[PDB]
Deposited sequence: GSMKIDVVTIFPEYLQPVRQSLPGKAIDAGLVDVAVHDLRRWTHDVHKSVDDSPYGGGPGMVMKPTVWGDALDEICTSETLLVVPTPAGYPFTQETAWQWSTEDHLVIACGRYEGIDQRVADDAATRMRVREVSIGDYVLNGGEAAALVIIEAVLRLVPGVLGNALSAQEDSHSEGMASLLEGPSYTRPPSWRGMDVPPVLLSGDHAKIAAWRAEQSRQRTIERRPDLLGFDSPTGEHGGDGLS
């Protein structure tokens, strides 16, 4: 049973998540994803969420007063606050397994040049906070990273969504455009098949990800 709240100035971006959720999981009360427009917590008639950086430089920084009010309303002492950022600790499969048993994730999606650092520093005095990156590239905002995190975590929760690298896979037909399925896979020698698959995995890992060796 997990609740996820996402906060963003582009709530429409998170619509695929709500679409991916099976009715059985929702009906059984196993999962609830809610999306919130950050501008609900703005203070001025222009609904301002950003301002110029102290110390100068290009771009804009998201305002601490707006984010502080949003997180005060949505978070509790039991919340795990997730902040996607290219400057974060790495998000990996082990991270996804750890977070899959949490009761409440709140995901804070930044835009522009990111969020005033005092927002995370203040939140960390009363809840657990995790700044994370999903890979070594810069996006326009945190929304696409939030989609990846939500999918990787929820597929590990029982019944919600419905080392070495993996080697190649095959199915029918046995011959296609001049290429045959490797005959060992049709041999009925299942110890030999497992050894063949292990070697394919070793070779693919050497070629594509030597860091893993």
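Counting the deposited sequence from 1, the stretches lacking C-alpha coordinates are 1, 164-178, 230-244.
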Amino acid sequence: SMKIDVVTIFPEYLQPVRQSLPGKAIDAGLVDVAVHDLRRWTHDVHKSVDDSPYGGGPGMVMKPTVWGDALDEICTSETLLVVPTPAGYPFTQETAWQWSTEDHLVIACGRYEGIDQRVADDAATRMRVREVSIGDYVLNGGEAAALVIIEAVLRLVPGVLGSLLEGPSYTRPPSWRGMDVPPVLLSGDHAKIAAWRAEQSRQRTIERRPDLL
From here on, numbers count along this sequence of modelled residues.
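In this text, the rigid core denotes the largest set of C-alpha atoms whose superposition between the two forms falls within 1.5 Å.
RMS Cα deviation from the shown model in 9 other deposited structures of this protein, rigid core fit, is larger for 151-159 than for the other stretch of the pair 151-159 / 177-185.
In summary, of the stretches 127-135 and 108-116, 108-116 shows the greater Cα distance from the shown form in 9 other deposited structures of this protein, with structures fitted on the rigid core. Of the other entries compared for this protein that flank it with modelled residues, a third or more give no atoms for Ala25. Between 15-23 and 197-205, it is 15-23 that carries the larger average Cα temperature factor according to the deposited entry. When the C-alpha B-factors of 53-61 and 36-44 are averaged, 53-61 comes out higher. The residue among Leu185, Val66, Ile149, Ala28 whose C-alpha carries the highest B-factor in the deposited model is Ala28.
The PDB entry assigns its highest CA temperature factor, among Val153, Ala70, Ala144, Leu164, to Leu164.
Sort the chain's modelled residues by C-alpha temperature factor and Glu113 lands in the highest third, per the entry. When all modelled residues of the chain are sorted by CA temperature factor, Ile4 is found within the middle third. Remark: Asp103 belongs to the highest third of its chain, ranked by C-alpha B-factor as recorded.
When the modelled residues of the chain are ordered by C-alpha B-factor, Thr76 sits in the middle third.
When all modelled residues of the chain are sorted by CA temperature factor, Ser133 is found within the lowest third.
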